[PDB]
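Student: Got a file for you: final33.txt, compact mmCIF, N, CA, C and O atoms.
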# COMPACT_ATOMS: atom_id res chain seq x y z
N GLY A 1 6.64 -4.40 9.84
CA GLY A 1 5.61 -4.00 10.82
C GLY A 1 4.24 -4.58 10.47
O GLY A 1 4.19 -5.65 9.86
N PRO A 2 3.11 -3.89 10.82
CA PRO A 2 1.72 -4.35 10.49
C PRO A 2 1.43 -4.25 8.97
O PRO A 2 0.49 -4.88 8.46
N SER A 3 2.23 -3.43 8.28
CA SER A 3 2.13 -3.20 6.84
C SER A 3 3.13 -4.10 6.08
O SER A 3 4.13 -4.54 6.65
N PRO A 4 2.84 -4.44 4.78
CA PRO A 4 3.85 -5.00 3.86
C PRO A 4 4.83 -3.91 3.37
O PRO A 4 4.48 -3.08 2.51
N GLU A 5 6.05 -3.86 3.97
CA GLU A 5 7.12 -2.93 3.55
C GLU A 5 7.64 -3.33 2.16
O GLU A 5 7.72 -2.50 1.26
N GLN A 6 7.98 -4.62 2.01
CA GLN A 6 8.48 -5.19 0.74
C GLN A 6 7.64 -6.42 0.37
O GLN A 6 8.02 -7.57 0.64
N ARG A 7 6.46 -6.16 -0.22
CA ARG A 7 5.53 -7.20 -0.70
C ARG A 7 4.51 -6.59 -1.67
O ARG A 7 4.41 -7.04 -2.83
N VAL A 8 3.78 -5.57 -1.22
CA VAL A 8 2.75 -4.90 -2.04
C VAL A 8 2.51 -3.47 -1.53
O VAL A 8 2.60 -3.21 -0.32
N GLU A 9 2.23 -2.56 -2.48
CA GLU A 9 2.02 -1.13 -2.21
C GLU A 9 0.79 -0.90 -1.32
O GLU A 9 0.75 0.05 -0.53
N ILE A 10 -0.21 -1.80 -1.47
CA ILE A 10 -1.49 -1.69 -0.77
C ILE A 10 -1.28 -1.99 0.73
O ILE A 10 -0.60 -2.96 1.09
N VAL A 11 -1.80 -1.10 1.58
CA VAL A 11 -1.81 -1.27 3.04
C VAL A 11 -3.19 -0.80 3.53
O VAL A 11 -3.67 0.23 3.04
N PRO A 12 -3.87 -1.54 4.48
CA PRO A 12 -5.17 -1.11 5.08
C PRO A 12 -5.09 0.27 5.77
O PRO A 12 -4.01 0.84 5.90
N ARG A 13 -6.25 0.78 6.24
CA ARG A 13 -6.37 2.09 6.94
C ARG A 13 -5.50 2.15 8.23
O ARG A 13 -5.26 3.22 8.78
N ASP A 14 -5.03 0.96 8.67
CA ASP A 14 -4.08 0.79 9.79
C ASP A 14 -2.66 1.35 9.45
O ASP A 14 -1.74 1.28 10.28
N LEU A 15 -2.52 1.92 8.23
CA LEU A 15 -1.34 2.69 7.77
C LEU A 15 -1.01 3.89 8.71
O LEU A 15 0.00 4.55 8.54
N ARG A 16 -1.91 4.18 9.66
CA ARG A 16 -1.67 5.12 10.80
C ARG A 16 -0.35 4.80 11.55
O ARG A 16 0.21 5.67 12.23
N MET A 17 0.12 3.54 11.44
CA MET A 17 1.44 3.09 11.94
C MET A 17 2.58 4.00 11.44
O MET A 17 3.57 4.19 12.14
N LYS A 18 2.42 4.52 10.21
CA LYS A 18 3.38 5.42 9.55
C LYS A 18 3.59 6.67 10.41
O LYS A 18 4.69 6.95 10.84
N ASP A 19 2.48 7.38 10.67
CA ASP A 19 2.48 8.61 11.49
C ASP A 19 3.09 8.37 12.88
O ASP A 19 3.83 9.22 13.41
N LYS A 20 2.78 7.19 13.44
CA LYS A 20 3.26 6.76 14.76
C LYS A 20 4.80 6.59 14.75
O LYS A 20 5.49 7.00 15.68
N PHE A 21 5.30 6.00 13.66
CA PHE A 21 6.74 5.71 13.49
C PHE A 21 7.53 7.00 13.21
O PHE A 21 8.58 7.23 13.81
N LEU A 22 7.00 7.83 12.30
CA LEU A 22 7.67 9.06 11.79
C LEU A 22 7.83 10.08 12.91
O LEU A 22 8.91 10.64 13.09
N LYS A 23 6.75 10.27 13.68
CA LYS A 23 6.71 11.21 14.82
C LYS A 23 7.76 10.82 15.90
O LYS A 23 8.26 11.68 16.63
N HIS A 24 8.08 9.52 15.98
CA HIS A 24 9.09 9.01 16.93
C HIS A 24 10.49 9.01 16.29
O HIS A 24 11.50 9.11 17.00
N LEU A 25 10.55 8.89 14.96
CA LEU A 25 11.82 8.81 14.19
C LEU A 25 12.48 10.20 14.11
O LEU A 25 13.71 10.32 14.15
N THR A 26 11.66 11.24 14.00
CA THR A 26 12.11 12.62 13.80
C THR A 26 11.93 13.47 15.07
O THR A 26 12.73 14.38 15.33
N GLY A 27 10.86 13.17 15.82
CA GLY A 27 10.39 14.03 16.91
C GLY A 27 9.16 14.83 16.48
O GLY A 27 8.62 14.59 15.39
N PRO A 28 8.67 15.79 17.33
CA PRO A 28 7.49 16.63 16.99
C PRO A 28 7.72 17.52 15.74
O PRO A 28 8.50 18.48 15.77
N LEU A 29 7.04 17.17 14.64
CA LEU A 29 7.07 17.93 13.37
C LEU A 29 5.77 18.72 13.17
O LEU A 29 5.49 19.15 12.06
N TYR A 30 4.99 18.89 14.26
CA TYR A 30 3.58 19.40 14.25
C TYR A 30 3.36 20.77 13.54
O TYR A 30 2.22 21.20 13.43
N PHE A 31 4.47 21.43 13.09
CA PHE A 31 4.49 22.53 12.06
C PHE A 31 3.53 23.72 12.38
O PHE A 31 3.07 23.89 13.51
N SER A 32 3.31 24.57 11.36
CA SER A 32 2.37 25.71 11.42
C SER A 32 1.15 25.45 10.49
O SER A 32 1.30 24.80 9.44
N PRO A 33 -0.08 25.95 10.86
CA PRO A 33 -1.28 25.94 9.97
C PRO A 33 -1.03 26.57 8.57
O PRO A 33 -1.73 26.23 7.61
N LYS A 34 -0.04 27.48 8.49
CA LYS A 34 0.42 28.10 7.22
C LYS A 34 1.04 27.04 6.30
O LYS A 34 0.86 27.05 5.08
N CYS A 35 1.75 26.12 6.95
CA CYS A 35 2.55 25.07 6.31
C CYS A 35 1.80 23.73 6.26
O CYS A 35 2.29 22.77 5.65
N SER A 36 0.64 23.68 6.94
CA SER A 36 -0.23 22.49 7.02
C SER A 36 -0.47 21.84 5.64
O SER A 36 -0.39 20.61 5.51
N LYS A 37 -0.72 22.68 4.64
CA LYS A 37 -0.97 22.25 3.25
C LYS A 37 0.27 21.56 2.64
O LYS A 37 0.12 20.56 1.94
N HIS A 38 1.47 22.10 2.92
CA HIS A 38 2.74 21.52 2.41
C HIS A 38 2.95 20.13 3.00
O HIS A 38 3.31 19.21 2.29
N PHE A 39 2.70 20.01 4.32
CA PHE A 39 2.79 18.73 5.04
C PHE A 39 1.83 17.71 4.43
O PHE A 39 2.18 16.56 4.23
N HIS A 40 0.61 18.17 4.12
CA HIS A 40 -0.45 17.32 3.58
C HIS A 40 -0.10 16.81 2.18
O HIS A 40 -0.42 15.67 1.85
N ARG A 41 0.59 17.63 1.37
CA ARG A 41 1.09 17.21 0.04
C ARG A 41 2.27 16.24 0.20
O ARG A 41 2.36 15.22 -0.48
N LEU A 42 3.15 16.57 1.15
CA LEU A 42 4.38 15.80 1.42
C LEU A 42 4.08 14.52 2.22
O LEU A 42 4.98 13.69 2.41
N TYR A 43 2.84 14.36 2.71
CA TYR A 43 2.40 13.15 3.41
C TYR A 43 1.48 12.27 2.53
O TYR A 43 1.56 11.04 2.56
N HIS A 44 0.61 12.92 1.73
CA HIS A 44 -0.48 12.21 0.98
C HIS A 44 -0.11 11.94 -0.49
O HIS A 44 -0.60 10.97 -1.07
N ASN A 45 0.74 12.79 -1.10
CA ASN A 45 1.10 12.69 -2.54
C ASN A 45 2.39 11.87 -2.74
O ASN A 45 2.50 11.10 -3.70
N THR A 46 3.36 12.03 -1.83
CA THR A 46 4.70 11.45 -1.98
C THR A 46 4.67 9.95 -1.63
O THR A 46 4.14 9.57 -0.58
N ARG A 47 5.26 9.12 -2.52
CA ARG A 47 5.37 7.65 -2.32
C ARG A 47 6.12 7.31 -1.02
O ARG A 47 6.00 6.21 -0.49
N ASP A 48 6.91 8.29 -0.54
CA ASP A 48 7.69 8.18 0.68
C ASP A 48 6.79 7.96 1.89
O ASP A 48 6.98 7.03 2.68
N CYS A 49 5.78 8.83 2.02
CA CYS A 49 4.91 8.89 3.20
C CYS A 49 3.67 8.00 3.05
O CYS A 49 3.05 7.64 4.06
N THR A 50 3.33 7.62 1.82
CA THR A 50 2.22 6.71 1.54
C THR A 50 2.66 5.25 1.81
O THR A 50 2.07 4.54 2.63
N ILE A 51 3.75 4.85 1.15
CA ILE A 51 4.28 3.48 1.20
C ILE A 51 5.20 3.32 2.43
O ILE A 51 6.16 4.08 2.58
N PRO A 52 4.92 2.30 3.31
CA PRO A 52 5.61 2.14 4.62
C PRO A 52 7.12 1.79 4.48
O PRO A 52 7.89 1.97 5.43
N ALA A 53 7.51 1.32 3.28
CA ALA A 53 8.91 0.99 2.93
C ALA A 53 9.82 2.22 3.02
O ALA A 53 10.96 2.14 3.48
N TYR A 54 9.29 3.37 2.58
CA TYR A 54 10.06 4.62 2.44
C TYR A 54 9.89 5.54 3.66
O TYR A 54 9.91 6.77 3.54
N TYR A 55 9.81 4.92 4.85
CA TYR A 55 9.66 5.61 6.15
C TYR A 55 10.77 6.66 6.39
O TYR A 55 10.49 7.78 6.81
N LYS A 56 12.02 6.27 6.08
CA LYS A 56 13.22 7.11 6.31
C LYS A 56 13.19 8.38 5.44
O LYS A 56 13.48 9.49 5.90
N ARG A 57 12.79 8.18 4.17
CA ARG A 57 12.82 9.24 3.15
C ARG A 57 11.69 10.24 3.44
O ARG A 57 11.89 11.44 3.34
N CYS A 58 10.53 9.70 3.84
CA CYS A 58 9.38 10.49 4.31
C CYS A 58 9.76 11.34 5.51
O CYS A 58 9.49 12.54 5.55
N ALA A 59 10.41 10.69 6.48
CA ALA A 59 10.79 11.30 7.76
C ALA A 59 11.69 12.53 7.54
O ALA A 59 11.42 13.61 8.08
N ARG A 60 12.74 12.35 6.72
CA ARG A 60 13.68 13.43 6.37
C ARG A 60 12.97 14.56 5.60
O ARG A 60 13.16 15.74 5.91
N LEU A 61 12.14 14.17 4.63
CA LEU A 61 11.38 15.08 3.75
C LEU A 61 10.40 15.97 4.55
O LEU A 61 10.14 17.13 4.19
N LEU A 62 9.86 15.41 5.64
CA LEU A 62 9.01 16.15 6.59
C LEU A 62 9.87 17.04 7.50
O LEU A 62 9.51 18.18 7.75
N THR A 63 11.02 16.52 7.98
CA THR A 63 11.91 17.25 8.91
C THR A 63 12.35 18.59 8.30
O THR A 63 12.06 19.65 8.86
N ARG A 64 12.97 18.52 7.10
CA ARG A 64 13.45 19.71 6.36
C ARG A 64 12.31 20.69 6.03
O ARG A 64 12.56 21.87 5.76
N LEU A 65 11.06 20.18 6.05
CA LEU A 65 9.86 20.99 5.85
C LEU A 65 9.54 21.73 7.16
O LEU A 65 9.32 22.94 7.17
N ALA A 66 9.57 20.97 8.27
CA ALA A 66 9.07 21.42 9.57
C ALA A 66 9.99 22.50 10.17
O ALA A 66 9.57 23.29 11.02
N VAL A 67 11.24 22.52 9.68
CA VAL A 67 12.30 23.42 10.15
C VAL A 67 12.59 24.55 9.13
O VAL A 67 13.34 25.49 9.44
N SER A 68 11.99 24.47 7.92
CA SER A 68 12.11 25.54 6.89
C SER A 68 11.06 26.65 7.21
O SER A 68 10.01 26.34 7.79
N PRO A 69 11.33 27.95 6.82
CA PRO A 69 10.54 29.15 7.26
C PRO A 69 9.00 29.06 7.07
O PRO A 69 8.26 29.83 7.70
N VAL A 70 8.52 28.17 6.19
CA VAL A 70 7.08 27.98 5.96
C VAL A 70 6.41 27.31 7.20
O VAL A 70 5.35 27.77 7.65
N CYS A 71 7.03 26.25 7.74
CA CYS A 71 6.53 25.55 8.96
C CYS A 71 7.08 26.18 10.24
O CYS A 71 6.42 26.17 11.29
N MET A 72 8.29 26.73 10.15
CA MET A 72 9.02 27.30 11.29
C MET A 72 8.88 28.82 11.26
O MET A 72 9.28 29.45 10.27
N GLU A 73 8.29 29.42 12.32
CA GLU A 73 8.14 30.89 12.43
C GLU A 73 9.53 31.55 12.45
O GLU A 73 9.73 32.61 11.85
N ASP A 74 10.48 30.90 13.12
CA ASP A 74 11.86 31.36 13.21
C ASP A 74 12.56 31.24 11.84
O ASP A 74 12.50 30.18 11.19
N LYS A 75 13.17 32.35 11.40
CA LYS A 75 13.92 32.44 10.15
C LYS A 75 15.29 31.76 10.31
O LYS A 75 16.14 32.25 11.06
N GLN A 76 15.48 30.63 9.61
CA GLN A 76 16.71 29.83 9.68
C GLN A 76 17.76 30.34 8.67
O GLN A 76 18.94 30.48 9.04
Written as structure tokens, how would this file's structure read?
Tutor:
Amino acid sequence: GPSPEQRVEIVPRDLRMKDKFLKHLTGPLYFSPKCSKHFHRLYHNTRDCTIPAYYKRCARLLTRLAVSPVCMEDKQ
């Protein structure tokens, strides 16, 4: 894509492509404000969601978050 997937870890602020891809790969993961902090750690700390190469691993890691009782009001 616009980022180096397999070349270098560094990507410009145009890394917004990640959010665009993930939201379409998984669907609406827009979560709860209670769980907002977990999403922010799982998006900003994890090499999955930072580095554009690991789009799939990020996507799954967010999905299981968005559907677990912290992001999901409904008890699964």
Student: Which value, in Å to one decimal, gives the distance between CA of residue 71 in chain A and CA of residue 32 in chain A?
Tutor: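 Computing the Euclidean distance for CA of residue 71 in chain A and CA of residue 32 in chain A yields 4.8 Å.
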Student: For residue 42 in chain A, which residue out of A:11, A:29, A:17, A:62 is the nearest one, using only N, CA, C and O atoms?
Tutor: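 Of the candidates, the smallest distance to residue 42 in chain A is held by A:62.
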Student: Got a sec to check which residues sit within 10 Å of (7.8, 8.4, 11.9), counting only C-alpha atoms, and write them as a ChimeraX atom specification?
Tutor: /A:17-29,49,52,55-56,58-60,62
Student: Of the candidates A:35, A:53, A:70, A:43, which shows the shortest atom-to-atom distance to residue 6 in chain A, using all atoms listed in the file?
Tutor: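 Residue with the minimum atom-to-atom distance to residue 6 in chain A: A:53.
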Student: Quote the spacing between atom C of residue 74 in chain A and atom N of residue 44 in chain A in Å to one decimal place.
Tutor: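 These two atoms are separated by 24.1 Å.
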Student: I'd like to know which of A:16, A:51, A:33, A:67 is closest to residue 4 in chain A, using only C-alpha atoms.
Tutor: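 Selected residue with least distance to residue 4 in chain A: A:51.
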Student: Write out as a ChimeraX atom specification the set of residues from chain A that DSSP, computed on the backbone, places in alpha helix (DSSP H).
Tutor: /A:17-26,36-44,47-50,55-66
Student: Rounded to one decimal place, report the CA of residue 14 in chain A-CA of residue 38 in chain A distance in Å.
Tutor: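 Interatomic distance, CA of residue 14 in chain A to CA of residue 38 in chain A: 23.0 Å.
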Student: Which one is closest to residue 39 in chain A: A:65, A:13, A:72, A:2? Count all atoms listed in the file.
Tutor: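 Of the candidates, the smallest distance to residue 39 in chain A is held by A:65.
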